[PDB]
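Working notes, beginning with the structure itself.
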Amino acid sequence: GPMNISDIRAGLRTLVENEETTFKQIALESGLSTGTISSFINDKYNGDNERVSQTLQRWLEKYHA
């Protein structure tokens, strides 16, 4: 199911909220910058948010698997 961008950020919050992951670890595993993840979740990142969403999906897929 090609979840909406809203679902992607809605999952990342749950993981950091319960210490299941960190901004640093997500950044390292996704190959993105720490600041990007926070801004993407904050729905304040200015740039190709779709590029970021697609990268984060792959990360969430391996996490939840």
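Every number here is computed from the coordinates shown, using simple stated rules; none is lab data.
If you stretched the chain out fully between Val16 and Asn42, how much longer would it get, using 0.36 nm times the residue separation minus the C-alpha to C-alpha distance? Provide the component values of the computation, followed by the final result.
Details: separation 26, 0.36 × 26 = 9.36 nm, distance 1.36 nm.
Taking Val16 through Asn42 to full extension adds about 8.0 nm, to one decimal.
Expressed in nm to one decimal, what extension gain is obtained for the pair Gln25 and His64 from 0.36 nm per residue of sequence separation less their Cα-Cα distance?
Difference between extended and current length: 12.5 nm.
Please give the calculated 222 nm ellipticity per residue for the chain, where each DSSP H segment of at least 4 residues contributes -39500 (n - 2.57) and the sum is spread over every residue; nearest 500 deg cm²/dmol?
On the way: 4 runs with 45 residues, N = 65.
Per the formula, -21000 deg cm²/dmol.
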